[PDB]
$ cat upload.pdb   # PDB, C-alpha atoms
ATOM      1  CA  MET B   1       2.493 -12.023  10.396
ATOM      2  CA  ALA B   2       0.252 -11.175  13.368
ATOM      3  CA  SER B   3      -2.592  -8.833  14.196
ATOM      4  CA  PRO B   4      -2.655  -5.639  11.956
ATOM      5  CA  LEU B   5       1.165  -6.246  11.912
ATOM      6  CA  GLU B   6       0.557  -8.866   9.219
ATOM      7  CA  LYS B   7      -1.316  -6.422   7.081
ATOM      8  CA  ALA B   8       1.475  -3.997   8.047
ATOM      9  CA  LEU B   9       4.116  -6.126   6.300
ATOM     10  CA  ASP B  10       1.749  -5.558   3.407
ATOM     11  CA  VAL B  11       2.083  -1.900   4.378
ATOM     12  CA  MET B  12       5.852  -2.337   4.017
ATOM     13  CA  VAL B  13       5.139  -3.080   0.360
ATOM     14  CA  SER B  14       3.276   0.230   0.377
ATOM     15  CA  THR B  15       6.266   1.767   2.149
ATOM     16  CA  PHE B  16       8.150   0.919  -1.015
ATOM     17  CA  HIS B  17       5.867   2.717  -3.464
ATOM     18  CA  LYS B  18       6.011   5.648  -1.042
ATOM     19  CA  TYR B  19       9.745   6.146  -1.628
ATOM     20  CA  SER B  20       9.935   4.750  -5.156
ATOM     21  CA  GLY B  21       7.376   7.096  -6.635
ATOM     22  CA  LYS B  22       9.247  10.171  -5.452
ATOM     23  CA  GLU B  23      11.980  10.178  -8.081
ATOM     24  CA  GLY B  24      12.946   7.863 -10.927
ATOM     25  CA  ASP B  25      10.737   4.789 -11.219
ATOM     26  CA  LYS B  26       7.485   4.408  -9.319
ATOM     27  CA  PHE B  27       8.038   0.667  -9.087
ATOM     28  CA  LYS B  28      11.771   0.757  -8.439
ATOM     29  CA  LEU B  29      14.097   2.489  -6.036
ATOM     30  CA  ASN B  30      16.909   4.342  -7.670
ATOM     31  CA  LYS B  31      19.969   4.813  -5.474
ATOM     32  CA  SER B  32      18.628   8.156  -4.276
ATOM     33  CA  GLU B  33      15.272   6.874  -3.104
ATOM     34  CA  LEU B  34      16.862   3.578  -2.041
ATOM     35  CA  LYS B  35      19.157   5.532   0.290
ATOM     36  CA  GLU B  36      16.300   7.404   1.929
ATOM     37  CA  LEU B  37      14.161   4.318   2.231
ATOM     38  CA  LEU B  38      17.021   2.295   3.725
ATOM     39  CA  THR B  39      18.159   5.015   6.140
ATOM     40  CA  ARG B  40      14.598   5.894   7.160
ATOM     41  CA  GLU B  41      12.760   2.613   6.872
ATOM     42  CA  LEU B  42      15.646   0.421   7.995
ATOM     43  CA  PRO B  43      17.202   2.414  10.896
ATOM     44  CA  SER B  44      18.108  -0.822  12.584
ATOM     45  CA  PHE B  45      19.335  -2.719   9.564
ATOM     46  CA  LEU B  46      20.907  -0.009   7.446
ATOM     47  CA  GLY B  47      21.208   2.573  10.201
ATOM     48  CA  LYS B  48      23.906   0.252  11.471
ATOM     49  CA  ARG B  49      25.887   1.306   8.368
ATOM     50  CA  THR B  50      24.304   3.907   6.066
ATOM     51  CA  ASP B  51      27.317   4.466   3.788
ATOM     52  CA  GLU B  52      27.111   4.981   0.015
ATOM     53  CA  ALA B  53      29.078   1.780  -0.466
ATOM     54  CA  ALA B  54      26.442  -0.024   1.597
ATOM     55  CA  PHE B  55      23.620   1.290  -0.590
ATOM     56  CA  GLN B  56      25.662   0.556  -3.712
ATOM     57  CA  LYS B  57      26.341  -3.040  -2.686
ATOM     58  CA  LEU B  58      22.844  -3.500  -1.293
ATOM     59  CA  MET B  59      21.395  -2.249  -4.544
ATOM     60  CA  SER B  60      23.454  -4.704  -6.570
ATOM     61  CA  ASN B  61      22.271  -7.343  -4.082
ATOM     62  CA  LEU B  62      18.566  -6.627  -4.293
ATOM     63  CA  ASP B  63      18.455  -5.158  -7.787
ATOM     64  CA  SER B  64      18.702  -8.555  -9.460
ATOM     65  CA  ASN B  65      17.330  -6.995 -12.603
ATOM     66  CA  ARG B  66      20.484  -4.861 -12.284
ATOM     67  CA  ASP B  67      19.099  -1.629 -13.630
ATOM     68  CA  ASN B  68      20.216  -0.066 -10.363
ATOM     69  CA  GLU B  69      16.693   0.488  -9.167
ATOM     70  CA  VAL B  70      15.275  -1.975  -6.638
ATOM     71  CA  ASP B  71      11.774  -3.270  -7.460
ATOM     72  CA  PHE B  72       9.029  -3.944  -4.853
ATOM     73  CA  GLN B  73       9.900  -7.625  -5.001
ATOM     74  CA  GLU B  74      13.664  -7.083  -4.745
ATOM     75  CA  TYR B  75      12.804  -4.750  -1.873
ATOM     76  CA  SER B  76      10.653  -7.315  -0.101
ATOM     77  CA  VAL B  77      13.153 -10.109  -0.777
ATOM     78  CA  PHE B  78      15.672  -7.929   0.991
ATOM     79  CA  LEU B  79      13.439  -7.643   4.048
ATOM     80  CA  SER B  80      12.843 -11.343   3.672
ATOM     81  CA  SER B  81      16.562 -11.995   3.820
ATOM     82  CA  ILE B  82      16.731  -9.727   6.867
ATOM     83  CA  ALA B  83      14.205 -11.723   8.873
ATOM     84  CA  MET B  84      15.844 -14.928   7.622
ATOM     85  CA  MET B  85      19.419 -13.976   8.506
ATOM     86  CA  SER B  86      18.429 -12.346  11.795
ATOM     87  CA  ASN B  87      16.694 -15.622  12.564
ATOM     88  CA  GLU B  88      19.264 -18.251  11.559
ATOM     89  CA  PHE B  89      21.907 -16.084  13.229
ATOM     90  CA  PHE B  90      19.581 -15.724  16.229
ATOM     91  CA  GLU B  91      20.498 -19.339  16.927
ATOM     92  CA  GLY B  92      24.013 -18.399  15.958
ATOM     93  CA  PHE B  93      23.988 -21.404  13.688
ATOM     94  CA  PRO B  94      20.987 -22.664  11.650
ATOM     95  CA  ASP B  95      20.177 -25.779  13.674
ATOM     96  CA  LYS B  96      16.522 -25.690  12.725
ATOM     97  CA  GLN B  97      17.837 -26.230   9.227
ATOM     98  CA  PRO B  98      18.852 -29.503   7.540
ATOM     99  CA  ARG B  99      21.985 -27.485   6.707
ATOM    100  CA  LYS B 100      21.243 -28.017   3.023
ATOM    101  CA  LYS B 101      17.542 -27.241   2.619
TER     102      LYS B 101
ATOM    103  CA  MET U   1      10.729  -1.664   6.300
ATOM    104  CA  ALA U   2       9.772   1.757   7.697
ATOM    105  CA  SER U   3       9.563   3.497  11.039
ATOM    106  CA  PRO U   4       9.086   1.032  14.029
ATOM    107  CA  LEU U   5       7.283  -1.058  11.317
ATOM    108  CA  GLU U   6      10.714  -2.211  10.148
ATOM    109  CA  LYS U   7      11.633  -3.379  13.589
ATOM    110  CA  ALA U   8       8.081  -4.791  13.657
ATOM    111  CA  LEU U   9       8.824  -7.185  10.780
ATOM    112  CA  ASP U  10      11.550  -8.223  13.185
ATOM    113  CA  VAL U  11       8.688  -8.508  15.670
ATOM    114  CA  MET U  12       7.003 -10.856  13.185
ATOM    115  CA  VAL U  13       9.984 -13.144  13.738
ATOM    116  CA  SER U  14       9.137 -12.833  17.428
ATOM    117  CA  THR U  15       5.507 -13.512  16.530
ATOM    118  CA  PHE U  16       6.779 -16.883  15.383
ATOM    119  CA  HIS U  17       8.488 -17.914  18.618
ATOM    120  CA  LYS U  18       5.301 -16.777  20.357
ATOM    121  CA  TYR U  19       3.230 -19.496  18.667
ATOM    122  CA  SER U  20       5.995 -22.049  18.155
ATOM    123  CA  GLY U  21       6.979 -22.291  21.792
ATOM    124  CA  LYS U  22       3.450 -23.149  22.873
ATOM    125  CA  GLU U  23       3.428 -26.782  21.790
ATOM    126  CA  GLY U  24       5.881 -29.027  19.965
ATOM    127  CA  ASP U  25       9.081 -27.284  18.912
ATOM    128  CA  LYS U  26      10.036 -23.832  20.147
ATOM    129  CA  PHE U  27      11.731 -23.093  16.839
ATOM    130  CA  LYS U  28       9.171 -24.750  14.588
ATOM    131  CA  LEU U  29       5.437 -24.603  14.111
ATOM    132  CA  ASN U  30       3.730 -27.935  14.233
ATOM    133  CA  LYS U  31       0.426 -28.081  12.374
ATOM    134  CA  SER U  32      -1.435 -27.143  15.545
ATOM    135  CA  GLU U  33       0.529 -24.001  16.283
ATOM    136  CA  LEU U  34       0.889 -23.309  12.553
ATOM    137  CA  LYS U  35      -2.911 -23.251  12.282
ATOM    138  CA  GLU U  36      -3.322 -20.762  15.106
ATOM    139  CA  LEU U  37      -0.507 -18.578  13.879
ATOM    140  CA  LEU U  38      -1.854 -18.575  10.317
ATOM    141  CA  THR U  39      -5.486 -17.968  11.310
ATOM    142  CA  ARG U  40      -4.551 -15.328  13.892
ATOM    143  CA  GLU U  41      -1.454 -13.736  12.447
ATOM    144  CA  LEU U  42      -2.504 -14.000   8.813
ATOM    145  CA  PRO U  43      -6.239 -13.079   8.896
ATOM    146  CA  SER U  44      -5.892 -11.522   5.491
ATOM    147  CA  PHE U  45      -3.727 -14.151   3.866
ATOM    148  CA  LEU U  46      -4.931 -17.349   5.491
ATOM    149  CA  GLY U  47      -8.203 -15.959   6.799
ATOM    150  CA  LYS U  48      -9.160 -15.973   3.145
ATOM    151  CA  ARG U  49      -9.064 -19.794   3.418
ATOM    152  CA  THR U  50      -8.306 -21.298   6.843
ATOM    153  CA  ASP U  51      -9.013 -24.944   5.960
ATOM    154  CA  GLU U  52      -6.974 -27.908   7.226
ATOM    155  CA  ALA U  53      -5.973 -28.666   3.652
ATOM    156  CA  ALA U  54      -4.643 -25.115   3.379
ATOM    157  CA  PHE U  55      -2.504 -25.521   6.502
ATOM    158  CA  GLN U  56      -1.412 -28.970   5.338
ATOM    159  CA  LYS U  57      -0.335 -27.717   1.915
ATOM    160  CA  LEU U  58       1.101 -24.508   3.335
ATOM    161  CA  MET U  59       3.118 -26.518   5.809
ATOM    162  CA  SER U  60       4.548 -28.720   3.076
ATOM    163  CA  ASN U  61       5.272 -25.472   1.204
ATOM    164  CA  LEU U  62       7.096 -23.676   3.985
ATOM    165  CA  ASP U  63       8.372 -26.699   5.890
ATOM    166  CA  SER U  64      11.161 -27.357   3.406
ATOM    167  CA  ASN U  65      12.898 -29.402   6.055
ATOM    168  CA  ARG U  66       9.687 -31.459   5.820
ATOM    169  CA  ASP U  67       9.411 -32.475   9.435
ATOM    170  CA  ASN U  68       5.960 -30.917   9.353
ATOM    171  CA  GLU U  69       6.945 -28.086  11.629
ATOM    172  CA  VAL U  70       7.682 -24.714  10.032
ATOM    173  CA  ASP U  71      10.904 -23.045  11.232
ATOM    174  CA  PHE U  72      11.325 -19.263  11.803
ATOM    175  CA  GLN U  73      13.028 -19.026   8.431
ATOM    176  CA  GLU U  74      10.423 -21.115   6.595
ATOM    177  CA  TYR U  75       7.885 -18.908   8.367
ATOM    178  CA  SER U  76       9.542 -15.684   7.269
ATOM    179  CA  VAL U  77      10.118 -16.998   3.740
ATOM    180  CA  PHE U  78       6.393 -17.565   3.624
ATOM    181  CA  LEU U  79       5.705 -13.949   4.558
ATOM    182  CA  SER U  80       8.389 -13.043   2.077
ATOM    183  CA  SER U  81       6.558 -14.912  -0.651
ATOM    184  CA  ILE U  82       3.368 -13.144   0.431
ATOM    185  CA  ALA U  83       4.775  -9.654  -0.045
ATOM    186  CA  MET U  84       6.416 -10.831  -3.277
ATOM    187  CA  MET U  85       3.310 -12.410  -4.807
ATOM    188  CA  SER U  86       1.005  -9.640  -3.591
ATOM    189  CA  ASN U  87       3.424  -7.280  -5.294
ATOM    190  CA  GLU U  88       4.059  -8.930  -8.671
ATOM    191  CA  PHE U  89       0.327  -9.644  -8.850
ATOM    192  CA  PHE U  90      -0.314  -6.038  -7.789
ATOM    193  CA  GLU U  91       0.828  -5.174 -11.301
ATOM    194  CA  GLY U  92      -1.149  -8.170 -12.449
ATOM    195  CA  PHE U  93       1.924  -9.238 -14.344
ATOM    196  CA  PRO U  94       5.555  -8.824 -13.166
ATOM    197  CA  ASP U  95       6.619  -6.038 -15.534
ATOM    198  CA  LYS U  96       9.207  -4.707 -13.127
ATOM    199  CA  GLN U  97      10.824  -8.080 -13.634
ATOM    200  CA  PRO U  98      13.114  -9.224 -16.471
ATOM    201  CA  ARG U  99      10.661 -12.147 -16.558
ATOM    202  CA  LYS U 100      13.548 -14.492 -15.819
ATOM    203  CA  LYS U 101      15.454 -12.862 -12.958
TER     204      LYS U 101
END

$ encode --input "upload.pdb" --output "structure tokens"
Amino acid sequence: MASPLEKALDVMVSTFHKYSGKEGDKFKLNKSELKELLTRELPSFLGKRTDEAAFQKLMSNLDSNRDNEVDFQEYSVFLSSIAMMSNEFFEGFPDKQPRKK
Amino acid sequence: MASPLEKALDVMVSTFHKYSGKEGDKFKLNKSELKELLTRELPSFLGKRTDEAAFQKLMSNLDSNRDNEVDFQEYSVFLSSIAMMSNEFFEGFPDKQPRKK
């Protein structure tokens, strides 16, 4: 959250429907659209490793509905996990955590 | 995720340490800093209802460590929940979901 950046994380939700509604589902990212969205919208995250295996595993990670198309929520939860992991690993070890939660 | 917007959700993590490290913990938002961050960084979300009760409840929601200071992760998980809820309620009813997950 922030200035217009807050509303821009909301725009990241919109980023989803931008790639989703190109092919396959308009509410879910099939591997094809998932690839493009990851490569293009996560240069840092996925651009670190944009291999088919990565997309395949990532899909199975996010796509909890396991239809092999990632929904807005599964998409956002991914980004969620990103900010989380980047954070707790920013300390190197989650010390802000009760280490149980 | 997106263009620089992706890396900007990463900047939202940085948004956190901006407000956190003003007073209290540098890795956790005490009610004071939480208020300012919510009001200022979530005009849409919290600006809809920036009351002390809101902050108090929100804190207890995010602050899972329940020390009454929201950590980066609890902060991001909040934003996560935002994008999630805004999304599943964007349909009005989570139809993209297996309604069980």

$ resolve_selection --input "upload.pdb" --expression "the ChimeraX specification (/B :<8) & /U" --output "NGL selection string"
:U and (1-3 or 5-10 or 12-13 or 15 or 27-28 or 37-38 or 40-44 or 64-65 or 71-73 or 76-77 or 79-80 or 83-84 or 87-88 or 96-98 or 101)

$ atom_distance --input "upload.pdb" --atom1 "atom CA of residue 58 of chain U" --atom2 "atom CA of residue 92 of chain U"
22.8 Å

$ atom_distance --input "upload.pdb" --atom1 "atom CA of residue 89 of chain B" --atom2 "atom CA of residue 23 of chain U"
23.0 Å

$ atom_distance --input "upload.pdb" --atom1 "atom CA of residue 57 of chain B" --atom2 "atom CA of residue 21 of chain B"
21.9 Å

$ residues_around --input "upload.pdb" --residues "residue 31 of chain U" --least-positions-apart "4" --cutoff "8 Å" --atoms "all atoms listed in the file" --output "ChimeraX atom specification"
/U:35,55-56,59,68-69
